[PDB]
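Asker: Chains as they are written, first to last, in the UniProt record's numbering: chain H, 845 to 949; chain G, 483 to 551.
#1: I need the DSSP call for residue 920 of chain H, collapsed to helix, strand or coil.
#2: Label residue 547 of chain G either buried or exposed according to how many other C-beta atoms from any shown protein chain fall within 10 Å of its C-beta, with 16 as the threshold for buried.
#3: For the region 858-885 of chain H, enumerate the residues whose C-beta is nearer than 8 angstroms to any C-beta of chain G, in chain order.
#4: Let me know the secondary structure DSSP gives residue 893 of chain H once reduced to three states.
#5: Let me check understanding here. Comparing Cα to Cα, which of H/943, H/894, H/869 and H/942 lies closest to residue 919 of chain H?
#6: Pairing CB atoms from the region 871-889 of chain H with CB atoms from the region 927-944 of chain H, are three or more of them under 8 angstroms?
#7: For a cutoff of 8 angstroms on Cβ pairs, would you count residue 516 of chain G as touching chain H?
#8: Since residue 929 of chain H sits in a beta bridge, which residues does DSSP pair it with?
#9: Identify whether residue 915 of chain H lies in helix, strand or coil by the three-state DSSP scheme.
#10: I want to see whether chain H comes within less than 8 angstroms of residue 490 of chain G, judged by CB atoms only; does it?
#11: Taking 8 angstroms as the threshold (C-beta atoms), are residue 862 of chain H and residue 959 of chain H in contact?
#12: Does the Cβ-Cβ distance between residue 800 of chain H and residue 879 of chain H come in under 8 angstroms?
#13: Assign residue 517 of chain G to buried or exposed, taking buried as 16 or more other Cβ atoms, counted over all protein chains shown, within 10 Å of its Cβ.
#14: Which residues of chain C have a Cβ atom closer than 7 angstroms to the Cβ of residue 549 of chain G, listed in chain order?
#15: Per DSSP, residue 846 of chain H is paired with what?
#16: Using a beta-carbon distance below 8 angstroms, is residue 948 of chain H in contact with chain G?
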């Protein structure tokens, strides 16, 4: 679970306006017919920003327009940008199947 | 000057108008949808008095903007 757009100078720094989030396809996928991942985004001071459910794709594309319009206003009511971000992802099947331990970077 | 100026699905053709804001072409990196990408051009030398590309020195080859230039 890593960010494609990461600075070579140091780890854990995204340079581009949009954060590209990618992760490996879960093993033992063929065992379960239909699966999906739940991704949550947290702020520096621990307020969740969005819970996005992704199915059949393992490469999320976070956008700057999201981060400003849908998040800064919704969290404070005013235009702003969040620079420190946080991500956690779980792999959930359908018939009561849920991964254990979350996953982050 | 060097400006990043497209929310583009495919590689565009380089500008032909010698104006610092090119023909309907943005001056700053805009916001994009997931499908689109960003492409920049290493603009030639700019003339502040005329605020356009000096005679000659056309725009550089357009290259998709990955990370930082």
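Just so it is clear, CB atoms sit at the ideal spot from N, CA and C, and this is done for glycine as well.
Answerer: Let's see:
#1: helix
#2: buried
#3: 859, 860, 861 and 862
#4: strand
#5: H/894
#6: yes
#7: yes
#8: H/887
#9: helix
#10: no
#11: With chain H running from 845 to 949 in the structure shown, residue 959 of chain H is simply not present.
#12: Outside the shown range of chain H, which is 845 to 949, sits residue 800 of chain H, and nothing can be said about it.
#13: exposed
#14: This model lacks chain C altogether, as its protein chains are H and G.
#15: H/866
#16: no
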